[PDB]
Each structure stands twice: as C-alpha cells, then as structure tokens.
Amino acid sequence: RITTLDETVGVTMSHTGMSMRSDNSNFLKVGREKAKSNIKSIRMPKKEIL
Amino acid sequence: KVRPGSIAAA
Amino acid sequence: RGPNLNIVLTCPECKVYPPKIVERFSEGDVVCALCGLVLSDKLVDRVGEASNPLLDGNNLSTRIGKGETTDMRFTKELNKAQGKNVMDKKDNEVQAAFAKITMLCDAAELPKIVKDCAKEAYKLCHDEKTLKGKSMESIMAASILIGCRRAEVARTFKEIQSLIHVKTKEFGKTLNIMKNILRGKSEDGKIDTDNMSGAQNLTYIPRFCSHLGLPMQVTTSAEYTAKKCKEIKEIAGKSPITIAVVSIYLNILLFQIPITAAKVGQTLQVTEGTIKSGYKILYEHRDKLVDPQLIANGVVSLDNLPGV
Amino acid sequence: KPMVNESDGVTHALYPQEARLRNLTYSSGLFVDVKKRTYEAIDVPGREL
Amino acid sequence: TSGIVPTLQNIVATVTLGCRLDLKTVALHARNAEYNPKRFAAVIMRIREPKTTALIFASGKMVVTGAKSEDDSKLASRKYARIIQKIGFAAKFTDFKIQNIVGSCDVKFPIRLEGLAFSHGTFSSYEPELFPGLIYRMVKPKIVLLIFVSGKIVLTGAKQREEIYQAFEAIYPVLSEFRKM
Ligand SMILES: [Zn+2]
C-alpha cells in the first residue's frame, strides 16, 4: 500500500515552493559548467599575428 | 616623437 | 476638449436643482421624489466576453480552434497566418511575460492576488527607458517581490531567488528602479503604505514557525519577542531575517521544544553561528523579550533559557 | 493528510467543516522520490557507446 | 547647528597628459607597477608619501585616488607626472578635476531607519535584507548619503568641499527628528 507521512504538514511542506533553503544539487548544471571557464586576450601587434 | 634619447628611447 | 453628450435628469415641474431622484428598479422607472413625476421609463438593467482593463488595456482578439467538423490543414494554415501579424507582435511580448509570471507564481503556490499585482506592476514598469538593459528574469523577480509585499504576504529575497535565478546585485537594482517608477507614476498620474517598508520582520515569523512545526502559541510569543527586539540598538541593525530567526530560536528554547539550532538554521538557511551569536545579545535583555501574561500565567518562566 | 496553505504561506491540517465554511478544497499533497542520474561515455567514431 | 564638520576620507581625481604611453616600458621601469592585461587595461601604481594609488592608461589618462585633501591630491598628481617625466615619456600637467568627494561623520545617537524610510519616501531607499544602511539620495546638492543604525553617516558624490558640508547641514535636522528613544 501507499505510504502516508505522519509528520506535521508544515514540516513536510517546508521544502516546497519558495523556500529559504537553496538547492545544493549539481544535476544539469550546464550553465555553471560552461560559464565557469572564461579567458580573454590582448591586441598583440598586427605585424606578428599577420 | 615622445622620447628624447632616454631610457624609453632605448 | 470635446462634445458634452451628457444627460441630466431633472424634474421640469419641481425645478429643484439638484433634484431628488428615486430609481424604482422593480417598476423600471426613474421618479421625482417630491412630486412623483416619472422622468424616464423602460430603463434597462453568453453573448459577450469580459476583460480587465488594468492588465490588458484595450486589446480584443479571438483564437482559432477545432469545431464539430474541421480539417487540420485549415487550422494550421490559419494559425500560421495569424501569427505573422506586426501590430499584435508588440503586445505579445507583454502577454508572454504575463504567462511566465503566472507560471512562476503558480509554482510558488502564491495567491491569485499576488500574481495579479505582479502582472500589474510589470505592465506599469515596462516600456520605459530606465529598464532597458536589465534581464527579464530580474524584472519579473522584482515585480513578484513588489506584488508579494503589496498583498501583505511579503516574501524574502532568498525565497524568490530559490525560483528565479538572478543575482542579488541585479535583483536589488531592478527592484529600486521599479519602485522609483511606481512612485513617479503615483505622483504624476495609491501605491505604497506601511507595508512598503523593507524590514517588516513580523510577517516572516508565522511562515518560519510553520516550517519548523511550532504551535501557534510559540508563534505568537516569537512575534512578541521580535516586536520588542527592535528596542535594542545592538540588534536593531541586524537583518530582519536574523532578527526573526533569533526570536524564534529564543522562544523555542523557552518552551523546550526538541529542535536544535543546527536544524533551525538548516531549515531557515541561516548560519548556526549567527543564530547563537544573536541569542547571546538577546540573552542580556531576555527580561524584556518575554510576554508578561505568559510569565504571569506560568506556562514558562525566565528560568527555562540556558545562557552561555 | 488533508492540509491547506494560507496566503501568508502557513500550512496546517484541514478538516471538512473548515473546508466547507472557508470554500477550501479538501485535498492532500502528493510527494514522489526522484533520482537524477547522469552517465557519460567517450564517443569514438564508428563504435557503440 | 550640528557643531561637527564631516571629515573627507577619500578623493577621486582625474588628470590627462595628452600623450600616448607604453605600458610595458612603464611597468618594467617603474618601482611599484602592476601590468596585468588579463586583469585590467592599465598600469596600477602607488606612492607612499601621499599614500595614493594611480591608474595610468595607454591613452595618457590618469586616475588618482586616496588623497585626504585637495592640495594633497594636487601634490600626488604632480609627483606622478614627475615620475612619468623621469621615466621619459612626454607628460605635462593638464586639467586636474576632482570627480568625487567622500566624507564621514557621526551624529552620536541612534537613528530610526524605518521612521526615515516611511516619512521621507521620495529620497530614501531602505532594504535591510541586502545592506544594513539606509540610502538617502539628496537632490540639492545632488549627493548620496548612507545612514546607519549606529549613528554613522557616509557622504559620497560631492565634487567640492562645499557641497558635502551643505548636504550634512541640510540632513542633520531630519536625522535628529528620528532619534530612537
Ligand atoms: Zn418633481
């Protein structure tokens, strides 16, 4: 049979909707994975890059 | 012409 | 700057201006109250559609859908043709923003008034020069926060961030811009009350206590403690979240509820060190942070509060 | 068990009498355990992964 | 009326030289230099006697900061220009303008930030969940003030020593009106 939670309803719902706690999961963090890497460069003189 | 015979010139 | 086109009902015989007029709805008449002369008779009291001219303004449109007999080709082609409209494109952006706001509020389990106010704020603050370089996520989050505050159900920055992925700097800048826009339109064209204040730590306590599962008596005691906590200068400068959390923890240990600070801070996303530090400051004024009626009735005394 | 969340965000157990009087829906919440897995493989050309 | 004159903590000044500089040469031949193109597009240098920091760009523009007085800032800018001249690049003192003045003071009593935010809602912006200090945008003079519960006031935005004093004198009464207890 299905399992019924006997805990307080507010305690059970504390994880739902706009909750203070921030998610610590790392699943499907494509944005983080590709945004962490970033490198830039300077304008070296044209006479060499040419 | 900015640097007269100075360390910058070298 | 236009024709009058106004009708005023007055009794020719009485000549009294303004006149005493009675609208006999049951008899469908408008009668002078003094002489009884009838001024207008045959007064009037699904075929149409309703709209709110506060979130959509004046925009009449109709959808295309299947009927009792229909071919999919015609529906597809007609929807394709209707999509390629230039005049309707401008308002479709506002409609899409409304849809995303509705999705966010519904996922947040917020009341209908909150999302309606958020949509109104977004519409009022949209299409302005000041908000042109800010992300739509920041705009929507700021509007949702403003609506939540206006509905007396104000949420917190972290709580809204849990759903909308926007950093604090952008969120605060957008919120300030939106508040300035609302103030400007309130003056030129109300909007704010005591609720518009920032701290309003009293509103948070019931929800945090609900998250912790404490009884309503403990919730009321925590509300009283937080209300009186603003008298201490060493704590009034702290964040309202910290003030409310520390008051709740103080009342929890007052009533000896088996919930440790390690779990209180984990549930409310507040550092345990911060909680205990705030408890240290409030312990020096515990006497002014407990309800006189409670301590007199004897549900608990000052004794049940361990101090380091 | 049957529960109701108020506008301010406080959730409490709901009874049929209160539901009838307050025009609230007598309903309970449903929760499911979710497992999020992620696999990866080296995609050498012309071979099964 | 207040009897206390706020003290100027910081001075941001801008100077121009009108000549192009070689950041590599400046970094190699300067005592205190930090040339990191990945970090920034200018050379950061500092001097001790005025205790000031200068950002020098390849376009001949210099930004001096840290001076505690207008004449001290002038002296620091002159010394920076002399250092560049000694390096050899043609650098001549030109328009020197102070673009920002920062000052601090204390009223010596707590202030009801909520009361100020409610009464003066057209100029104040109090969001204690981000910053523990109210922000007051005084319109005349155009300056920004940071008001804290501890009774400390920070003034920023003035271009001259007169504007900051005027702003403090104009804000003292409204601050005194909202003293806690
Ligand atoms: Zn009449």
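Quick reminder, even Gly has a Cβ in these numbers, built from the backbone with ideal geometry, and neighbours come from all protein chains shown. Read-outs throughout are calculated quantities, based only on the coordinates presented, and are distinct from any laboratory measurement.
Below are the figures for this structure:
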quantity: Helix-only CD estimate at 222 nm, as mean residue ellipticity for the protein assembly as shown, using -39500 (n - 2.57) per DSSP H run (n ≥ 4); calculated: -11500 deg cm²/dmol
quantity: Span from the chain D Cα centroid across to the chain A one, whole angstrom; calculated: 20
quantity: Using alpha-carbon coordinates, inclination of helix E:161-177 to the longest axis of chain E, degrees; calculated: 20
quantity: Protection proxy ranking, peptides A:32-45, E:2-15, C:50-63, average beta carbon neighbours within 10 Å, highest first; calculated: E:2-15, C:50-63, A:32-45
quantity: J(HN,Hα) series, region E:33-47, from Karplus relation 6.51 cos²θ - 1.76 cosθ + 1.60, nearest Hz, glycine and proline x; calculated: 9, 9, 10, 10, x, 4, 7, 7, 9, 8, 9, 9, 9, 9, 10
quantity: Value of Rg to Rh for region C:7-81 (Rh from inverse mean 1/r over Cα pairs, i.e. Kirkwood); calculated: 1.40
quantity: Cα pair count fraction exceeding 18 Å, expressed as % - region E:51-181; calculated: 60
quantity: Two-site FRET efficiency, C:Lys129 against C:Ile281, from Cβ-Cβ distance with R₀ of 30 Å, rounded to 0.05; calculated: 0.05
quantity: Under-5 Å amide H pairs with E:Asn100, H placed in peptide plane, nonlocal only; calculated: E:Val12
quantity: Euclidean distance of C-alpha centroids, region E:148-181 and region C:68-126, integer Å; calculated: 48
quantity: Region E:1-63: trypsin sites (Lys or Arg not before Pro) falling in loop per DSSP and having at most 15 other Cβ within 10 Å; calculated: E:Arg20, E:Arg31, E:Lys38, E:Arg39, E:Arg48, E:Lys51
quantity: Computed label-point distance, nm, for sites B:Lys1 and E:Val139 using a 7 Å Cα→Cβ extension; calculated: 5.8
quantity: Label point at A:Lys40 placed 7 Å out along Cα→Cβ; residues across region E:29-61 whose backbone nitrogen lies under 20 Å; calculated: E:34-45, E:54-61
quantity: Other-chain or far-sequence residues with amide H under 5 Å of C:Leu39's (modelled H); calculated: C:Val30, C:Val31, C:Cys32
quantity: Sorted largest first, extent of the protein assembly as shown alpha carbons per principal axis (Å); calculated: 108, 86, 75
quantity: Inter-chain shielding of C:209-215 (mean C-beta neighbours from other protein chains, 10 Å cut-off); calculated: 6
quantity: Hz values of 3J(HN,Hα) by residue in region D:12-25 - Karplus curve (6.51, -1.76, 1.60), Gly and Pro given as x; calculated: 8, 4, 10, 10, x, 4, 5, 4, 4, 5, 9, 6, 9, 7
quantity: 10 Å binning of all Cα-Cα separations within chain D, expressed as whole percents from 0 upward; calculated: 20, 28, 13, 11, 10, 14, 4
quantity: Partner chain coverage, peptide C:193-202 - average Cβ within 10 angstrom; calculated: 4
quantity: For region C:244-252, Karplus couplings with θ = phi - 60° (6.51, -1.76, 1.60), whole Hz, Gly/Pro x; calculated: 5, 5, 5, 4, 5, 5, 4, 5, 4
quantity: Residue-averaged beta-carbon neighbours from other chains (10 angstrom radius) around C:151-163; calculated: 4
quantity: Span per principal axis, largest first, for the Cα atoms of chain C (Å); calculated: 84, 66, 44
quantity: Where Rh is the Kirkwood radius over Cα pairs, Rg/Rh for region C:1-154; calculated: 1.19
quantity: Two-decimal log10 I(q)/I(0) for region C:234-293, as the Debye equation yields it once each C-alpha is a single scatterer, q = 0.16, 0.19 Å⁻¹; calculated: -0.46, -0.65
quantity: Over 17 Å [Cα-Cα, chain A], rounded percent; calculated: 70
quantity: Between region E:48-90 and region C:235-308, the alpha-carbon center distance in angstrom; calculated: 54
quantity: Principal axes of region E:1-56: Cα extent on each, largest first, Å; calculated: 54, 24, 23
quantity: At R0 = 35 Å, FRET efficiency that the Cβ-Cβ distance of C:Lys263 and C:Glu152 yields, to 0.05; calculated: 0.75
quantity: Filtered trypsin sites (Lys or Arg not before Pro), region C:73-110: DSSP coil and at most 15 other beta carbons within 10 Å; calculated: C:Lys84
quantity: Dipole magnitude of the protein assembly as shown, debye to nearest 20 (Cβ charges: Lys/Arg +1, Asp/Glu -1, about Cα centre); calculated: 3740
quantity: Spin-label proximity, A:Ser22 to region C:271-297 - amide N less than 16 Å from point 7 Å beyond Cα toward beta carbon; calculated: C:271-272
quantity: GluC sites (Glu not before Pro) lying in DSSP loop within chain D, provided at most 15 other Cβ fall within 10 Å; calculated: D:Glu6, D:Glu40, D:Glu48
quantity: Relative contact order of region C:210-308, pairs being alpha-carbon contacts under 8 Å that are 6 or more residues apart, as %; calculated: 32
quantity: Average projection area in nm² (convex hull over Cα atoms of region E:13-98, one quarter of hull surface); calculated: 5.0
